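There is one chain below, alone, in structure tokens, taken in the form deposited in one PDB entry.
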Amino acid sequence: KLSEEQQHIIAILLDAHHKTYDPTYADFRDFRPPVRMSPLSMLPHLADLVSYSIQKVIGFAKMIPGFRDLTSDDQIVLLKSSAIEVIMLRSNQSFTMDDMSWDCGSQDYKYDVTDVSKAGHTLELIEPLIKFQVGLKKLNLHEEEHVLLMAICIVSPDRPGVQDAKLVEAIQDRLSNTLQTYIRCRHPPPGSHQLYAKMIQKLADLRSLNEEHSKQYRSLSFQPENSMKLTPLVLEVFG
């Protein structure tokens, strides 16, 4: 049932993810240091973390089968709109339900509600984000499923500004069908029960998170002294 084209897709995506996701988190040392101790104390560190994570999401995206047949303008629009969402999705790998934190290997790099709050965010974003993390983590995805969902998130044809939507859809459709078929052949029940649908629902939850994030961004953004603490990439991508 899983064709050779579909096995190839999955193998490309697993490797691309491995090339762009370091589970030792060694590069975190290059970020401006976190400060816990002060309302925006964590902002430099998390801005840096986000900025790096944008870079890695781009590196992953470039490797998506089909992505390179898209025009530059379309590449750009897909990345601008999906970046935060893929960062949210990829963060699930460090997210632990033990204490509802993202644990990047050491206490310095273990982030919780109060760390995020000290980056200029409120429960308007954080509560539904931790709920996302929890509900995503409970799906217990195979890594194969994880990378397919991130790819499907990026190659989304309804993002506004998209020119060649039909091309975006054919690409996305190839990855949806690979994901559908993978779950059927490799995901045993009961974990497979309604699993595609539950994954598609998470992409819907990410639309709402993206919305709220863009709103908090605009607010922070309006204060030139905080906007100063960001990075040039983050300013370019998040506007």
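The first residue of the shown sequence is 1; numbering continues from there. Shifts are known only where both forms have a C-alpha. What we label the rigid core is the largest C-alpha set whose atoms superpose within 1.5 Å from one form to the other.
Omitted here: the form deposited in another entry. The next part is about that form.
Only one of 198, 186, 62, 29 has its C-alpha shifted by 2 Å or more between this form and the one not shown once the core is superposed, and that residue is 186.
When two forms of a protein are overlaid on their rigid core, residues whose CA moves 2 Å or more are considered shifted, and residue 216 is one of them between this form and the one not shown.
Compared with the form shown here, the C-alpha atoms of residue 14 and residue 187 sit at least 3 Å farther apart in that other deposited form. Here's the thing about residue 29 and residue 216: their CA atoms end up at least 3 Å farther apart in that other deposited form than they are in this form. Superposition on the rigid core leaves 186-193, 215-221 as the runs of at least three consecutive shared residues whose Cα positions differ by 2 Å or more between this form and the one not shown.
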